[PDB]
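Taken in sequence, the protein lines are chains A and B.
Going left to right, the first sequence walks through residues 34 to 60, 70 to 136, 152 to 185, 185A to 185D, 186 to 309, 312 to 323, 323A, 324 to 359, 361 to 399, 411 to 457, 462 to 503, 521 to 548, 568 to 663 as PDB author numbering numbers them.
Going left to right, the second sequence walks through residues 34 to 60, 70 to 136, 152 to 185, 185A to 185D, 186 to 309, 312 to 323, 323A, 324 to 359, 361 to 399, 411 to 457, 462 to 503, 521 to 548, 568 to 663 as PDB author numbering numbers them.
We treat Cβ as the ideally placed atom computed from N, Cα and C, and that holds for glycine.
The structure appears below as structure tokens.
2 protein chains.
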Amino acid sequence: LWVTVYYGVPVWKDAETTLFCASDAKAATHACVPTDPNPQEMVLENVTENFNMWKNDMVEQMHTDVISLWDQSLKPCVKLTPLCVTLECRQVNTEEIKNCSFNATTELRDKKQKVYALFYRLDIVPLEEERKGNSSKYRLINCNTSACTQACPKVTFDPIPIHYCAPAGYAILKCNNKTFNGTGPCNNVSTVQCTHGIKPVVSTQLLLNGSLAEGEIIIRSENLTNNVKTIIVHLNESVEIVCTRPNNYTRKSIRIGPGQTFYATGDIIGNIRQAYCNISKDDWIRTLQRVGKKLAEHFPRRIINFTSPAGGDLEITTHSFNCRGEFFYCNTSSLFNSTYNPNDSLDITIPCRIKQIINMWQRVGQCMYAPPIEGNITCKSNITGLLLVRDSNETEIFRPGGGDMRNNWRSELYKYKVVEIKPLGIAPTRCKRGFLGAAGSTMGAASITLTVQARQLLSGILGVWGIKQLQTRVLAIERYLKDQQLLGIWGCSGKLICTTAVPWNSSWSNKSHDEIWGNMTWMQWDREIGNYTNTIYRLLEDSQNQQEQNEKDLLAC
Amino acid sequence: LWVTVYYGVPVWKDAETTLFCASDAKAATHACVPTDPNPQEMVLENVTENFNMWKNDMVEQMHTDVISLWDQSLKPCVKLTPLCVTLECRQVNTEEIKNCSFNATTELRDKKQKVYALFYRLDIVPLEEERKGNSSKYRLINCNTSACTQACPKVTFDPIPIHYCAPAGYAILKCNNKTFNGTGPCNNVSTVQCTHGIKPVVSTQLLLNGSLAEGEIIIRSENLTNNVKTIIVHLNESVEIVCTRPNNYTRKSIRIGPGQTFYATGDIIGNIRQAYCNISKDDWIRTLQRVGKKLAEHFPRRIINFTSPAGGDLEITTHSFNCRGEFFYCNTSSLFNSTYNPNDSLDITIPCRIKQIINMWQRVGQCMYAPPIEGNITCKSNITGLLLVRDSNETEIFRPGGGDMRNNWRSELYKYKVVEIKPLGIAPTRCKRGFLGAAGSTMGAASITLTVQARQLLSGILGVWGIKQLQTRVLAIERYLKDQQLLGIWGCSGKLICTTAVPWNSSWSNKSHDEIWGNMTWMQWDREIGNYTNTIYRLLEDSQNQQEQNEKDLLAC
Ligand SMILES: *[C@@H]1O[C@H](CO)[C@@H](O[C@@H]2O[C@H](CO)[C@@H](O[C@@H]3O[C@H](CO[C@H]4O[C@H](CO)[C@@H](O)[C@H](O)[C@@H]4O)[C@@H](O)[C@H](O[C@H]4O[C@H](CO)[C@@H](O)[C@H](O)[C@@H]4O)[C@@H]3O)[C@H](O)[C@H]2NC(C)=O)[C@H](O)[C@H]1NC(C)=O
Ligand SMILES: *[C@@H]1O[C@H](CO)[C@@H](O[C@@H]2O[C@H](CO)[C@@H](O[C@@H]3O[C@H](CO[C@H]4O[C@H](CO)[C@@H](O)[C@H](O)[C@@H]4O)[C@@H](O)[C@H](O[C@H]4O[C@H](CO)[C@@H](O)[C@H](O)[C@@H]4O)[C@@H]3O)[C@H](O)[C@H]2NC(C)=O)[C@H](O)[C@H]1NC(C)=O
Ligand SMILES: *[C@@H]1O[C@H](CO)[C@@H](O[C@@H]2O[C@H](CO)[C@@H](O[C@@H]3O[C@H](CO)[C@@H](O)[C@H](O)[C@@H]3O)[C@H](O)[C@H]2NC(C)=O)[C@H](O)[C@H]1NC(C)=O
Ligand SMILES: *[C@@H]1O[C@H](CO)[C@@H](O[C@@H]2O[C@H](CO)[C@@H](O[C@@H]3O[C@H](CO)[C@@H](O)[C@H](O)[C@@H]3O)[C@H](O)[C@H]2NC(C)=O)[C@H](O)[C@H]1NC(C)=O
Ligand SMILES: *[C@@H]1O[C@H](CO)[C@@H](O[C@@H]2O[C@H](CO)[C@@H](O)[C@H](O)[C@H]2NC(C)=O)[C@H](O)[C@H]1NC(C)=O
Ligand SMILES: *[C@@H]1O[C@H](CO)[C@@H](O[C@@H]2O[C@H](CO)[C@@H](O)[C@H](O)[C@H]2NC(C)=O)[C@H](O)[C@H]1NC(C)=O
Ligand SMILES: *[C@@H]1O[C@H](CO)[C@@H](O[C@@H]2O[C@H](CO)[C@@H](O)[C@H](O)[C@H]2NC(C)=O)[C@H](O)[C@H]1NC(C)=O
Ligand SMILES: *[C@@H]1O[C@H](CO)[C@@H](O[C@@H]2O[C@H](CO)[C@@H](O)[C@H](O)[C@H]2NC(C)=O)[C@H](O)[C@H]1NC(C)=O
Ligand SMILES: *[C@@H]1O[C@H](CO)[C@@H](O[C@@H]2O[C@H](CO)[C@@H](O)[C@H](O)[C@H]2NC(C)=O)[C@H](O)[C@H]1NC(C)=O
Ligand SMILES: *[C@@H]1O[C@H](CO)[C@@H](O[C@@H]2O[C@H](CO)[C@@H](O)[C@H](O)[C@H]2NC(C)=O)[C@H](O)[C@H]1NC(C)=O
Ligand SMILES: *[C@@H]1O[C@H](CO)[C@@H](O[C@@H]2O[C@H](CO)[C@@H](O)[C@H](O)[C@H]2NC(C)=O)[C@H](O)[C@H]1NC(C)=O
Ligand SMILES: *[C@@H]1O[C@H](CO)[C@@H](O[C@@H]2O[C@H](CO)[C@@H](O)[C@H](O)[C@H]2NC(C)=O)[C@H](O)[C@H]1NC(C)=O
Ligand SMILES: *[C@@H]1O[C@H](CO)[C@@H](O[C@@H]2O[C@H](CO)[C@@H](O)[C@H](O)[C@H]2NC(C)=O)[C@H](O)[C@H]1NC(C)=O
Ligand SMILES: *[C@@H]1O[C@H](CO)[C@@H](O[C@@H]2O[C@H](CO)[C@@H](O)[C@H](O)[C@H]2NC(C)=O)[C@H](O)[C@H]1NC(C)=O
Ligand SMILES: *[C@@H]1O[C@H](CO)[C@@H](O[C@@H]2O[C@H](CO)[C@@H](O)[C@H](O)[C@H]2NC(C)=O)[C@H](O)[C@H]1NC(C)=O
Ligand SMILES: *[C@@H]1O[C@H](CO)[C@@H](O)[C@H](O)[C@H]1NC(C)=O
Ligand SMILES: *[C@@H]1O[C@H](CO)[C@@H](O)[C@H](O)[C@H]1NC(C)=O
Ligand SMILES: *[C@@H]1O[C@H](CO)[C@@H](O)[C@H](O)[C@H]1NC(C)=O
Ligand SMILES: *[C@@H]1O[C@H](CO)[C@@H](O)[C@H](O)[C@H]1NC(C)=O
Ligand SMILES: *[C@@H]1O[C@H](CO)[C@@H](O)[C@H](O)[C@H]1NC(C)=O
Ligand SMILES: *[C@@H]1O[C@H](CO)[C@@H](O)[C@H](O)[C@H]1NC(C)=O
Ligand SMILES: *[C@@H]1O[C@H](CO)[C@@H](O)[C@H](O)[C@H]1NC(C)=O
Ligand SMILES: *[C@@H]1O[C@H](CO)[C@@H](O)[C@H](O)[C@H]1NC(C)=O
Ligand SMILES: *[C@@H]1O[C@H](CO)[C@@H](O)[C@H](O)[C@H]1NC(C)=O
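This is how it looks when you write it as structure tokens:
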């Protein structure tokens, strides 16, 4: 037999690459392309692939892009250096809100003004002074760390969905195997150009506004026997939650410099009220009993205890939640107060704390200040999942947890993998001299299909964001040219099928013509002879396509 | 008949693209290429094209580039934050100049010094104090808005001409139709690689140092019956204007911080004099009577009144003018003080105001401070055009106007349009299987010419400015490769003329062989069969160049 060169071979390799950031065509948006994701999903019949949501670079890539766009939005905003002064505070007489006085900087640098603003106790750090009941002195939290930046008017906290799209030459494989646990084989896969839109919703403990499971509740973890891993629970039903801050604050504007202002909380309209969340009781209870049972399947002969918060540090103990730019730290200890034993009105009130100083993304010194928001601050959302951490007592104790934002994205991106298409390949023949739809079928069947299908590959012919696009285009060109070049030197113009003068080595494969062509798919073949790739290429370029020209044409002198 | 593929077809599409910024080869200059514009203008005989100066992206592109380079020049300069202090001012006893005292910051931050500087009243804002005749207190204008930046020594105010040059694959079409009014057809066009140099001269009301009209005075507007549009008047003769500031100021240098100084006005040498402009009276009068008549042609049976300034706000009421970095706001109400009635020494003195705080480009907060300039501040220039705004009384009342800098560039760029060359095309033949100079002629004539001319297309084979160049090169490569690729798959190597096996459809065109080849130009043809482009390409790539290989070569097994 003889080596035949094929172009358009439906095989791929796992590969990492920068994906395009696509936005909403109807539209932190200037960086992304507002196009149609065109989710022309194709199912690959009879194809099984290995997915691993814990090693998915799309998650890491998203983490970086979410942070980067978020940071750009604060770039032109005011650094509140003038507020890192002694604050004289008194109790508001209109127990978490204090009335503080400052000597602020005026438009003129040689003048100061005495101004006041209201603050939440959580954002204020006492100096070496005690509560006297009338007055005491304070520092703003983080004045010993960073010049915290005020969010600008029109900074958007709208979790506008992001779509990731493959560069030409790459494809995104989606796992449709309902109940797939995030690792191992998926026996139902399909390919897309783009992912569904993912809303970069930021939270801890309770995952909000995501995609619900198609089947039953699925519990996923990198390692279920590792008590240091986060367990992601995907609900198949949403639970209604609505949060509100019913205390009518007024926004004041204080000049703190030559062309800049600070937005201060003040003039509380009459009543003092605690912020809270409204959670349906029957749905919460049903949800945990159902989660309990699924956990029991993973942890049999154990009592399940969804009974404890983290321990007391607000940053990790409460539910980090955003509402229209407002920041809530809600106490969920009343939700996670139950057990499960497999063989044994009507709402829930969650009190919430409000804080204006935000250590976003767990970074230190990258501080944002949230200005007060006037009006009806109420947000209604869907709990779609849980982040649980498993803790001797023949009991599996669980606590809600989080803070690693990657888990909020693994929870959506677990369905996707990125691979690189590798159109060249070889196989023996007896003759001497929608792209991946032909996958899961034998090489023979594909070779017929590819006489047409191979041409679908021809469809592939802001600061750092400008660079990401340039690298993407340059790489696409580079790979294209390398393949064109190899085909050129091998004498394979008319590349879909190219017979050559290189003989087949039984040492590469000793399978018969029909054993190979009718009992293997192209990927199986690629693996079986994969380490002879360089050998074959040398035989084709250094010998046969040189000898076949020199011994025929130079003789024509 | 049969479809024949042609390469080098002289057709084009209107297209937007980033143009190269070219500079003066003899030379805000580091960003542009100091090359030879090589204005090898070619006239296209018998070609009519549609131009629209009001929709010209070159104007918008220039606006951005002028601003961007101007801003880079101030990037390393000192922000005068130390001067936003209370100013104690007294009348200068050497009525617009005040003597002001400051407590300036010394090299050491713990010391202040009492210093003084002179200021123009226009740059000073009173505090809550009255004139007493001896002293009062002030703020510098814009200390409530922005930390105005001092122009550095060696910031250049030299309106160095810019040339725009087309990327390979693009051409710039120039309209040579004298009296063309900016819209509609131009019956005399030519192509260039580069535009003439355009000096980015900034002014309002009177356009200075531009290109004079070849013929008579031309009046252009997006809409002459719209009283909200600016009317651009292009003179065919220049009017001499010279402006001067004869008051001998001395430059003082005040340290205002650790490594930075402020340049202060002071020590007036003896005399106080008002700045002014010198305008020839006979030329001004002749110019307006001539403009009046041309306006009467557009607005017949009306009295024309060139009689009024904007109304009193210095920023829009006066003539914004620059002289060696100095900023003048001259009162032109004495120029625009006349009428016209179609059937009915020796100079003009224009008093001028001088201002050091500049809100360049109508932006707010992007403030520049102009340091005092010592010596003979006199500039002689050419008025080359007017920006007029038309205001019931059977009179057309005109006022000088401006502030939208784009109009200062539309006035030069009205002659140019950018188009993209599209070298591939098809036409029927009877056979089955300087680039645009051949334009305006029939396809037949061009097809002979193109056997040579098509090869001229082969000649096409700093921060953001680095990106503009990279995008330009990458795109040129991308387009090149796409065309090479299509020709490859269609079997059209030797691309200038390529017969194919695809039959001609009478449904695309039912014109005869000679009706098509001898009575149409290539652009006319491209329009007539333009929507069949994808149809033809599919027939060529999916069918004929696949079938023609498989049915001939695979049989050779
Ligand atoms: C899970 O998903 C839900 C649903 O999207 C989120 O809840 C929504 O959150 C958005 C904010 O991100 C809320 O939008 C705000 O609504 C205010 C009320 O709108 C009134 O007027 C509209 C007019 O058509 C009516 O339809 C509506 O019923 C009300 O009558 C607006 O005033 C807000 O405007 C602000 O932003 C715009 C943006 O351009 C500015 O121009 C405005 O000046 C102003 O700043 C804003 O539109 C939305 O109402 C919420 N819906 C619900 C049901 O709560 C959840 O928050 C999300 N979960 C999480 C955790 O985010
Ligand atoms: C319309 O077009 C006219 C013509 O170009 C412009 O008027 C000219 O504007 C430029 C400034 O942009 C003026 O240039 C300045 O001239 C000063 C006088 O030069 C003397 O020495 C030269 C030596 O050969 C003699 O030729 C000349 O007659 C004088 O004897 C210079 O001192 C200035 O130098 C400054 O810039 C250089 C740049 O490197 C620095 O090195 C110097 O230290 C210094 O900073 C400068 O050269 C020019 O004189 C003007 N000509 C006239 C006739 O006015 C108009 O301004 C323009 N219209 C508008 C609106 O801009
Ligand atoms: C989400 O996942 C949960 C968990 O699998 C699904 O719960 C299942 O709900 C059905 C009823 O709709 C339960 O069937 C009935 O349960 C009662 C309980 O006493 C029993 O008496 C009946 O004979 C019958 O079994 C089913 O058991 C229950 N599964 C579990 C494990 O509890 C839920 O339906 C899913 N929701 C969606 C939208 O798919
Ligand atoms: C710039 O455009 C103006 C406007 O078209 C041109 O003005 C024209 O100038 C010529 C003289 O050079 C005028 O011709 C003579 O005018 C006198 C006026 O009383 C008349 O008596 C003569 O019989 C003769 O017509 C011509 O009329 C005038 N046009 C208009 C509309 O007034 C000017 O010449 C142009 N300049 C250049 C450099 O081309
Ligand atoms: C926060 O404190 C300020 C002052 O520390 C309170 O404002 C004053 O209220 C008194 C009441 O008669 C007025 O007479 C003063 O003119 C107010 N202004 C100032 C600057 O003293 C303010 O009401 C307190 N805020 C709340 C919400 O209680
Ligand atoms: C996800 O499901 C896979 C498949 O059942 C689990 O992996 C198997 O774990 C058993 C445990 O002894 C092994 O014997 C199998 O060989 C494993 N198969 C594969 C393909 O890995 C995997 O552990 C599950 N993951 C989670 C988080 O539950
Ligand atoms: C394998 O995955 C494919 C894709 O999700 C499933 O196909 C869907 O089946 C539902 C059933 O009614 C259809 O409504 C969808 O339109 C189908 N999607 C597509 C893209 O065709 C398929 O059923 C899955 N097979 C199994 C066994 O789960
Ligand atoms: C989950 O991880 C834990 C450790 O992080 C694995 O259990 C331990 O693995 C080490 C590896 O050498 C052994 O020495 C320990 O004895 C193991 N612990 C126990 C209790 O046996 C655990 O096997 C991992 N689980 C899965 C499903 O991979
Ligand atoms: C959810 O919100 C509703 C109102 O929006 C709260 O309803 C109030 O509950 C108190 C409790 O005694 C009643 O006295 C009020 O009359 C109720 N309001 C109305 C309009 O009837 C409800 O309590 C909230 N739930 C939670 C969990 O806090
Ligand atoms: C601007 O004011 C300064 C002072 O306010 C004047 O300078 C002073 O002139 C008197 C005249 O005898 C001197 O004795 C002082 O030594 C000068 N310097 C200072 C710092 O007081 C200055 O002349 C005024 N400028 C103009 C142009 O009149
Ligand atoms: C620069 O600082 C000096 C500080 O001594 C200012 O002068 C004092 O201003 C206060 C204002 O009430 C007066 O009571 C003092 O009598 C002044 N002292 C002297 C010696 O004059 C001075 O005015 C500041 N400069 C400016 C321009 O404000
Ligand atoms: C520029 O000249 C063109 C050509 O004469 C003017 O456009 C014509 O306006 C008349 C007005 O009724 C129309 O009937 C013609 O059909 C128009 N022709 C074209 C080609 O547009 C155009 O209005 C003039 N523009 C200005 C600013 O005067
Ligand atoms: C059409 O435009 C061309 C280009 O401007 C004109 O050609 C110019 O004619 C003058 C007349 O003496 C020559 O001096 C120039 O050298 C010619 N330029 C070029 C590039 O050849 C042509 O005359 C115009 N035709 C009309 C009717 O206006
Ligand atoms: C210039 O623009 C004006 C409006 O900006 C045009 O005149 C008006 O066009 C609207 C369009 O529906 C009509 O409803 C008005 O009745 C028109 N006004 C008058 C007085 O008729 C005007 O036609 C435009 N001129 C040109 C030359 O395009
Ligand atoms: C243009 O500049 C010249 C000088 O450069 C000015 O001429 C002076 O005009 C006044 C007016 O009475 C005469 O007294 C002077 O004698 C003139 N100077 C000379 C040297 O003779 C002329 O006025 C300026 N024109 C304008 C419009 O201001
Ligand atoms: C459930 O079965 C397990 C089996 O080991 C047993 O230990 C546990 O006590 C049982 N629970 C009940 C409620 O019977
Ligand atoms: C705050 O009080 C004002 C008083 O008139 C009222 O109009 C406004 O609706 C209140 N806002 C909220 C959020 O209750
Ligand atoms: C806020 O919106 C909810 C939505 O129904 C409404 O019931 C509540 O009264 C609103 N509060 C204010 C202050 O308008
Ligand atoms: C197969 O590989 C062996 C390795 O030494 C080589 O000697 C032999 O000639 C090869 N045969 C073919 C068909 O290339
Ligand atoms: C390529 O090398 C790997 C190394 O483990 C081996 O497992 C695989 O079978 C080799 N393939 C071929 C074609 O020799
Ligand atoms: C010029 O002709 C117009 C025509 O309507 C007329 O109204 C106007 O009064 C005339 N002007 C003179 C000076 O005769
Ligand atoms: C300013 O006065 C000095 C005094 O000698 C003189 O030399 C200089 O030329 C004058 N400058 C101007 C612009 O008049
Ligand atoms: C012309 O187009 C029609 C459209 O249906 C098609 O049926 C016919 O075969 C075409 N003819 C040629 C020459 O391609
Ligand atoms: C292409 O579509 C446009 C749509 O208006 C039509 O006017 C034009 O004639 C069409 N050209 C062809 C070749 O059908």
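Put residue i into one of helix, strand or coil per three-state DSSP.
i: B:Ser189; result: strand
i: B:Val255; result: coil
i: B:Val430; result: coil
i: B:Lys617; result: coil
i: B:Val36; result: strand
How about residue i and residue j: are their beta carbons less than 9 Å apart?
i: A:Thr641; j: A:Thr37; result: no
i: B:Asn651; j: B:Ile595; result: yes
i: B:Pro493; j: B:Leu34; result: no
i: B:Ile357; j: B:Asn396; result: yes
i: B:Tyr173; j: B:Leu184; result: no
i: B:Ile307; j: B:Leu175; result: no
i: B:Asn359; j: B:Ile272; result: no
i: B:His216; j: B:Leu277; result: no
i: residue 458 of chain B; j: B:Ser447; result: A gap in chain B, from 457 straight to 462, means residue 458 of chain B has no coordinates in the model shown.
For residue i, which residues of its own chain have a beta-carbon under 6 Å away from its beta-carbon, when the five flanking residues on both sides are left out?
i: A:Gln590; result: none
Between residue i and the rest of its own chain, which residues show a CB-CB distance below 8 Å, the 5 nearest in sequence each way excluded?
i: A:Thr387; result: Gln258, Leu259, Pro364, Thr373, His374, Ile416 and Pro470
For residue i, which residues of its own chain have a beta-carbon under 7 Å away from its beta-carbon, when the five flanking residues on both sides are left out?
i: B:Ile414; result: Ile333, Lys335, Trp338, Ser389 and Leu390
(message) Quick test of the definition: if touching needs 3 or more C-beta pairs under 8 Å, does the segment 215–222 of chain A touch the segment 155–166 of chain A?
(response) no
(request) Assess, as a yes-or-no matter, whether the segment 529–536 of chain A is touched by the segment 572–590 of chain B under the definition of 3 or more beta carbon pairs within less than 8 Å. (result) no
(request) Using a Cβ-Cβ cut-off of less than 7 Å, give me the residues of the segment 388–399 of chain B that come near chain A, in sequence order. (result) Listed in sequence order: no entries.
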